[PDB]
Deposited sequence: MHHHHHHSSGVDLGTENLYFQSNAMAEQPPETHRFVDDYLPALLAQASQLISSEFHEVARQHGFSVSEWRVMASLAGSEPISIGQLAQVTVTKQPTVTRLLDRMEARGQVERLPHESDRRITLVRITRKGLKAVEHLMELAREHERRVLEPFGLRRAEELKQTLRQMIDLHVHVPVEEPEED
């Protein structure tokens, strides 16, 4: 059956199922999905462009702009001129650091049954695919 082996369908189902699990934790800790993606993507990062942030958070750029309006109002991120760059603030980092710990724990549980070899192979393949297909 086509869909059983079709790569884009497999990627999309695996992604939705694993992410939905962690999104429950994120909401339990007062975060929306979009807030979690923005703060976790900026944590430990150099300032990046709005376009880069939109790509990594898989969010449309106009949606990201509205999101940054309100996250900047709450002091969690800051927009800078270089093209507009964006960074997480210390307030945002302190707000998200425990959640990032929990995210790493959840990821470890998801990948443990596969073993280190298969887990690293999966992550490397995904990184290579992103770098080939990004615009």
| note | No C-alpha positions exist for deposited residues 1-33, 116-120, 174-182
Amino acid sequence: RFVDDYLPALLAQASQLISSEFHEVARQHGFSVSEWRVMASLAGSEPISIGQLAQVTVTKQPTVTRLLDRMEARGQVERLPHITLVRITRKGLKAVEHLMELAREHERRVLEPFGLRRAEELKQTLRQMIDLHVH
From here on, numbers count along this sequence of modelled residues.
| query | Per the PDB record, is the mean Cα temperature factor higher over 108-116 or over 6-14? | reply | 108-116
| task | Higher average CA B factor in the deposited record is what I'm after, so tell me if that's 71-79 or 42-50. | result | 42-50
| message | Sorting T63, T84, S34, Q55 by Cα temperature factor from the record, which one lands on top? | response | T84
| field | CA B-factor ranking of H29, expressed as a third of its chain | value | middle
